[PDB]
């Protein structure tokens, strides 16, 4: 994966990576999320959401209040740099975003906003 990364969310509320690096020479970066396992989206739906570390908490709180129907994300949330939809087992979603929306030296966090799973599903993303 050069300018892309393949990441999996399983039924035990675990991503298969805790850390992503974005090569600064990438014009865009793609994340391809899949969900191994058997659990359905209402019970174990995963999304991959990106924001700065300082924004993560506000996005997670507000996403919980938009609920179910809105994929646990505030529509047009300005703190969200990029995100997939919420997928259940056996689904896949990908998201491509412009690497110019990231500054060198700033800290970023990727996470899932399913209620109560964010604490277990989060990691860091850094430009390199």
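Residue numbers count along the first chain shown, from 1.
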Look up the CA B-factors in the entry and say which stretch, 34-42 or 58-66, has the higher mean. 58-66
As stated in the PDB record, which stretch has the larger average Cα B-factor, 7-15 or 110-118? 7-15
Ranked C-alpha temperature factor of residue 71 among modelled chain residues, by third: middle
Would you mind checking where the Cα B-factor of residue 50 ranks among the modelled residues of its chain, as the lowest, middle or highest third? lowest
Chain-wide C-alpha B factor ranking for residue 26, given as lowest, middle or highest third: lowest
When the deposited Cα B-factors of this chain's modelled residues are ordered and cut into thirds, is residue 125 in the lowest, the middle or the highest one? lowest
Check where residue 102 lands among this chain's C-alpha B-factors and tell me if it's the lowest, middle or highest third. lowest
